[PDB]
Amino acid sequence: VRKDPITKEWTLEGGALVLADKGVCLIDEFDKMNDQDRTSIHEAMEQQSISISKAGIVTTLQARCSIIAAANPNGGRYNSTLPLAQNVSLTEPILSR
Amino acid sequence: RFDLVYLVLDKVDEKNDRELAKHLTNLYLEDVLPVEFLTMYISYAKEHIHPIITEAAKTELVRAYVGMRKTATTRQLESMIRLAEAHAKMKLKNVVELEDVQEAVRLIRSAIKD
Amino acid sequence: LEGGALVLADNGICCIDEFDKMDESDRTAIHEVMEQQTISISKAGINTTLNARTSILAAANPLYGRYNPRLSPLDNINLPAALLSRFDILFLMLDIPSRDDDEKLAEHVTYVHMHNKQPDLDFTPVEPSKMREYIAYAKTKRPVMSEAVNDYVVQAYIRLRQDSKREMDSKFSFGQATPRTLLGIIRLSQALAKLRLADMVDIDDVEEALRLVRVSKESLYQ
Amino acid sequence: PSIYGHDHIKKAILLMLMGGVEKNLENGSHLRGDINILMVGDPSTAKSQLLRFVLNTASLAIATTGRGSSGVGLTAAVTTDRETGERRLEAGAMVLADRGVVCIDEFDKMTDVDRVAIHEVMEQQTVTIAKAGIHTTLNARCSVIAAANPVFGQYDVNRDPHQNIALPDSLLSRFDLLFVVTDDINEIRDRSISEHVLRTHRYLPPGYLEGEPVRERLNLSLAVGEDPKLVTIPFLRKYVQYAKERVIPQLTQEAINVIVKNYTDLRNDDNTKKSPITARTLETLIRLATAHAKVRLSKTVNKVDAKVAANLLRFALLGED
Amino acid sequence: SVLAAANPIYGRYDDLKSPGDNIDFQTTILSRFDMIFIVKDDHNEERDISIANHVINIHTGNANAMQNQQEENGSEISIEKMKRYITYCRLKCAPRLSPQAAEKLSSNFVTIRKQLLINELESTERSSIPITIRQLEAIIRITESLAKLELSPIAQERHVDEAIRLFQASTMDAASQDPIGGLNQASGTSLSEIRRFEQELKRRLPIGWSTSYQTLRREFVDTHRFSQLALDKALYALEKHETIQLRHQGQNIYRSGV
Ligand SMILES: Nc1ncnc2c1ncn2[C@@H]1O[C@H](COP(=O)(O)OP(=O)(O)OP(=O)(O)O)[C@@H](O)[C@H]1O
Ligand SMILES: [Mg+2]
Numbered sequence: 063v064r065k066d067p068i069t070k071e072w073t074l075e076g077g078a079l080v081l082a083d084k085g086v087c088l089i090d091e092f093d094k095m096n097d098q099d100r101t102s103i104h105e106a107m108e109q110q111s112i113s114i115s116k117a118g119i120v121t122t123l124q125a126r127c128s129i130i131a132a133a134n135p136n137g138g139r140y141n142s143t144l145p146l147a148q149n150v151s152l153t154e155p156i157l158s159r
Numbered sequence: 024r025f026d027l028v029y030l031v032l033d034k035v036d037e038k039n040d041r042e043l044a045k046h047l048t049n050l051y052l053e054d055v056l057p058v059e060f061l062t063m064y065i066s067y068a069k070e071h072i073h074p075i076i077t078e079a080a081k082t083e084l085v086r087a088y089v090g091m092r093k094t095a096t097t098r099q100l101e102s103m104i105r106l107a108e109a110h111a112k113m114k115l116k117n118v119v120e121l122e123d124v125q126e127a128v129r130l131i132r133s134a135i136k137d
Numbered sequence: 010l011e012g013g014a015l016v017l018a019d020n021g022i023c024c025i026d027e028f029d030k031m032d033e034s035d036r037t038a039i040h041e042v043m044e045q046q047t048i049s050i051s052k053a054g055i056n057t058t059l060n061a062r063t064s065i066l067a068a069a070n071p072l073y074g075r076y077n078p079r080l081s082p083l084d085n086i087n088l089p090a091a092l093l094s095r096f097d098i099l100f101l102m103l104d105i106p107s108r109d110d111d112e113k114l115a116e117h118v119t120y121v122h123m124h125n126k127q128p129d130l131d132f133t134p135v136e137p138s139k140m141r142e143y144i145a146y147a148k149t150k151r152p153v154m155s156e157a158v159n160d161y162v163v164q165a166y167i168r169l170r171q172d173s174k175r176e177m178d179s180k181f182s183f184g185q186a187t188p189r190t191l192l193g194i195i196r197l198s199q200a201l202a203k204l205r206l207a208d209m210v211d212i213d214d215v216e217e218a219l220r221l222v223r224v225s226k227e228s229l230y231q
Numbered sequence: 006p007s008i009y010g011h012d013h014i015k016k017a018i019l020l021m022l023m024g025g026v027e028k029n030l031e032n033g034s035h036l037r038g039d040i041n042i043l044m045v046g047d048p049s050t051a052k053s054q055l056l057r058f059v060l061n062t063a064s065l066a067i068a069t070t071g072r073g074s075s076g077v078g079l080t081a082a083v084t085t086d087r088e089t090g091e092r093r094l095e096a097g098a099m100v101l102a103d104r105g106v107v108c109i110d111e112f113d114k115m116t117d118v119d120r121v122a123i124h125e126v127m128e129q130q131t132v133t134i135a136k137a138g139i140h141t142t143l144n145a146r147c148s149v150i151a152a153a154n155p156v157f158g159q160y161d162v163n164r165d166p167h168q169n170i171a172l173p174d175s176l177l178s179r180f181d182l183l184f185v186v187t188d189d190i191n192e193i194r195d196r197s198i199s200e201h202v203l204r205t206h207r208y209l210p211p212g213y214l215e216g217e218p219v220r221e222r223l224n225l226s227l228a229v230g231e232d233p234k235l236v237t238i239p240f241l242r243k244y245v246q247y248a249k250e251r252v253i254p255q256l257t258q259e260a261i262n263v264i265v266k267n268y269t270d271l272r273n274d275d276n277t278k279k280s281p282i283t284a285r286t287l288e289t290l291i292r293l294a295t296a297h298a299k300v301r302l303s304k305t306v307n308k309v310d311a312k313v314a315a316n317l318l319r320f321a322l323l324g325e326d
Numbered sequence: 003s004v005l006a007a008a009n010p011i012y013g014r015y016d017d018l019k020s021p022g023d024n025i026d027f028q029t030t031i032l033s034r035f036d037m038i039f040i041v042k043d044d045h046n047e048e049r050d051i052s053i054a055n056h057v058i059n060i061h062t063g064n065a066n067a068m069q070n071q072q073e074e075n076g077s078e079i080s081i082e083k084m085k086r087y088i089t090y091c092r093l094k095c096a097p098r099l100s101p102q103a104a105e106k107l108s109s110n111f112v113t114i115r116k117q118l119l120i121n122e123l124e125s126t127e128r129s130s131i132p133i134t135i136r137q138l139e140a141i142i143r144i145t146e147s148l149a150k151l152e153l154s155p156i157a158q159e160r161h162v163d164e165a166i167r168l169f170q171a172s173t174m175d176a177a178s179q180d181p182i183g184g185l186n187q188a189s190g191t192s193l194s195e196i197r198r199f200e201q202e203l204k205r206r207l208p209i210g211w212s213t214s215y216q217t218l219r220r221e222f223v224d225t226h227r228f229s230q231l232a233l234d235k236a237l238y239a240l241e242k243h244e245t246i247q248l249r250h251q252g253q254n255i256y257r258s259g260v
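Protein chains in written order, with this note's numbering: chain A, 63 to 159; chain B, 24 to 137; chain C, 10 to 231; chain D, 6 to 326; chain E, 3 to 260.
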């Protein structure tokens, strides 16, 4: 959300997931990322939409995007004697998507 | 990386405490120091004078560093050279000799003592 | 160019209330005044130094409530040790419940509410204009010292330091004595001499100053 | 009458309605005559339904919420006058309620930068504006009633009182009465309160049929002509107005004798109170005694006023009830 | 009105840990919700096959070819018709309770508020899901909402029963998580007394034959081994599907397996 320099009204501006509508968004090093930033794609990964309620703007956008992500396991390397849940830090809500 | 580090100590000593308080009170009591000669001498030594090093400094400096290495890093020798060449700028000269390197090593080892 | 309150009060008193909550930005100015009394000015291309000789009267609030059987006075308040050392005198006034004192305090407070006049007593309130006239006249006066008087000050200071070497204990006292304490002893003797006396200072004046400092120091328990 | 219980808080609100007598003192000082009350308690304890009642019953009342308020919105704001062209000041919530009451809800959820301003108004009762070439002191003499919640969801009796309340001590010292209220599970209390609530929810306004939705619209007919026993609300409003404007009691010695003994007894005891006792408790006793004297429509403070004030403050601080 | 959805900490409910370590919402916000639904997966095969068939019918196009028919006949209505019915009902009716409805609601409030006291005393920790007066007002609102559907001008015991059942399904179920074991201070002696009583019961009673709760109380308590918490120990042994079965209106305790 940005203030328009000319009109001086709050307006919406695009992002990475909106620039890649009907495209592909690639996220390298997906495990070395803040949880607050990672959790922003929960709605876009399944519902394929973005909802904003800020500064008098109440809108829903559209992001029909596919995500291919690459990550590293805990310790930098995979332990084949352990289950998956103890080789990564991600939880079920993001692994199911 | 600091060339000289000094530790100022304050210990409860009767002689030192009395002597300090005495001259402090004497200063408060109402009853060989040049004023601006220092500034002009400093400017003269800094703007015209450039000393050099001779083999007399070589002979003392190398053996002094080795004797200090009988945990002195290589920074120590470049610290001695700077102090010796700064002392040479004093007692106005144009070259270093044994007195300057002796004073420099004495200063840098008295620094080590603390 | 707009000067601050510290600069504004020259040869005057700066009363800093709620000094605990005041920010480090002002702590810089408080630190510098006690050191040199000459305020350096903002960086708006003027490079100005302004005279700021002033006296400081600070009121403090201990951290999280009241006094705490935590032994260190540094733990009671946020103020750094260096900042407190520059202060000439520190006074602790702790509220200790005592059955006798509460009765007189309540009576004194309630007399003011019943009758607006303050409670009449043998103590006589001197007229305030006389207060100002005497204070100004004392301020104009200039004392002077003698060599004999300051000799006993050295003995007092060495006794204080020999006490301070063993005074380091669990609860009482704040660090150790510093030459600034000797300086403040003479500085306080100045005012007690200016109060009524003139020319050379009396020997008992040093005793009075030492007594006031010692009572303030002993206020740490009380 | 739609709140079950909370008798002591309802007495404190009434004493707020009939404020104390303000004393103007030398050195340009004034002793405040307002009574300020804080309520800390568990969720769903009818804290917010008393602030709403005070909003309606009082002559002047201003409502405030912690998170939806700012410092410039409580004291004053610099604006411009379009018609003439100068720059002027616009009043905020605190100064608009001069000789009135301010009811603040979710008081603990207020930001720190917001909470300093209310401090000054609670202490000096004046606002200082030194912005944009407008140097002014504004009068704000208002009574504060506030409601908050503890740090956790519910009050804990196994922890010290200061840990339960997130408010600082300086702010907490400026309230005359702090009421900690707790919901305790008991079958008889539940049976009575559930019966009361179910009786309340079965009320039909006159002129309405069963199942008829309430038509809170008035059909654009704004006005017809353009200009044990309980008491009705307008009569209470008349009583409060008459008491505030017609009686100014003065303190007496025999009441002071009771006040001093209560203060001395309270100060020197090992009981653990929810709030510390200090030299400002005496002023609270005096103010409560003056208010109770006004309630009686009398020009002097009697011993009974001191007894009632003592009982109220003992309940507030100790809960000895 | 507010309709909210959220996930627990760690993603899944993790029934192994305490409810207080699973819900991050404070008591202040949780008291403003009339109904709270905790949703879990049971991983049953029959349900999985039914859901799989239902979802595949949606994708293969068999969904619409069915739905219209029911929407035609008598069992479903369109979105617009239901919207118009909702607005008509909200703008026409506002029911009221009956004297018997209040009596039935007060007793239910007393019961559901008593149960919380026993639960909190047993678990020696405060409940994360609170029960307050708002929970009584919620049931009143649900009763009146149920009455609103039929355009009835009065709410009666028929609606009260369904409102009570909905509240039990929604909030009392969430409150009554019934932890099998938390290894906390509560039931600390039980950490060994459970195994002790299980061994004493399995040595007394072979794999056949039955006993009674009356006898299993009187005789095993004459030795002063009672703990007041053995009511759920029998159910926990039953959970093993072998130790205990309850028959004959709960009177008979039958040993069924190892
Ligand atoms: N003693 C009571 N008598 C009548 N109604 C009550 C009582 N206590 C609570 N209630 C009811 O509980 C509901 C919520 O009360 P209220 O909003 O005043 O609570 P609160 O203390 O402000 O809560 P919160 O901590 O959630 O802000 C209201 O419907 C109110 O009528
Ligand atoms: Mg509320």
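Just so you know, even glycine gets a beta-carbon here, dropped at the ideal spot from N, CA and C.
Taking the CA atoms as reference points, residue 195 (chain E) sits about 21 Å from residue 122 (chain E). Taking 3 residues as the minimum length, the beta strand (DSSP E) runs contained wholly in the segment 25-110 of chain D are 28-30, 34-36, 42-46, 66-70, 81-85, 92-96, 105-110, in order along the chain. Under the Cβ distance rule, residue 30 (chain E) counts among the residues neighbouring chain D, one pair being separated by less than 9 Å. Within the chosen limit of 8 Å, ligand 2 does not reach the beta carbon of residue 113 (chain D) with any heavy atom. Among the bridge pairs identified by DSSP, residue 191 (chain D) is matched with none.
Residues of the segment 133-151 of chain E with a Cβ closer than 8 Å to any Cβ of chain D, in chain order: 134, 135, 136, 138, 139, 142.
In the three-state reduction of the DSSP assignment, residue 11 (chain D) falls in the coil class, being assigned neither a helical nor a strand state. Cβ proximity to chain E below 8 Å picks out 192, 195, 196, 198, 199, 200, 202, 203, 204, 206, 207, 209 from the segment 191-213 of chain D. Following the DSSP letters along the chain, one finds residue 244 (chain D) inside the alpha helix (DSSP H) bounded by residues 238-251. Here residue 284 (chain D) carries a coil assignment [DSSP, helix/strand/coil]. Not a single C-beta of chain D is nearer than 9 Å to the C-beta of residue 169 (chain E). In this structure, D:259 is the residue among D:325, D:259, D:276 with its C-alpha nearest to the C-alpha of residue 309 (chain D). If you look at residue 22 (chain E), you'll find it isn't in any alpha helix (DSSP H); DSSP assigns it neither H nor E.
Just measuring C-alpha positions, the residue of D:261, D:103, D:272 sitting nearest residue 291 (chain D) is D:261. Taken in chain order, the complete alpha helix (DSSP H) segments of 4 or more residues contained in the segment 146-217 of chain D are 166-169, 174-177, 192-205.
Between residue 136 (chain D) and residue 83 (chain D) the beta-carbon gap is near 6 Å, inside 8 Å, which marks them as a contact.
Collapsing the DSSP output to three states places residue 262 (chain D) in a helix. Contact of residue 47 (chain C) with chain D by beta-carbon distance below 7 Å is absent, the smallest such distance being about 27 Å. For the segment 32-111 of chain E, the full-length alpha helix (DSSP H) segments reaching 4 residues or more read 47-61, 64-75, 81-94 along the chain. Per DSSP, residue 147 (chain A) has no beta bridge partner at all. Between residue 176 (chain E) and residue 40 (chain E), the C-beta gap is smaller than 9 Å, which places the two residues in contact. Here residue 85 (chain A) carries a strand assignment [DSSP, helix/strand/coil]. For ligand 1, no non-hydrogen atom lies closer than 8 Å to the CB of residue 68 (chain D). A residue is called buried when at least 16 other Cβ atoms come within 10 angstroms of its Cβ; residue 295 (chain D) meets this threshold and is buried.
Around the CB of residue 83 (chain B), 16 or more other CB atoms lie within 10 Å, so the residue is classed as buried. Beta bridge pairing from DSSP links residue 140 (chain D) with D:135. Closer than 8 Å at the C-beta level to chain D, one finds these residues of the segment 91-117 of chain C: 104, 106, 107, 108, 111, 112, 114, 115, 116.
For residue 67 (chain C), the secondary structure class from DSSP, reduced to helix, strand or coil, is strand.
Taking a contact as a CB-CB distance under 8 Å, the pair residue 106 (chain A) and residue 81 (chain A) does not count as one, their CB atoms being some 12 Å apart.
Going by DSSP, residue 85 (chain B) is part of no beta strand (DSSP E) but of the alpha helix (DSSP H) stretching over 78-91. Taken atom to atom, the span from the alpha-carbon of residue 152 (chain C) to that of residue 15 (chain C) is near 27 Å.
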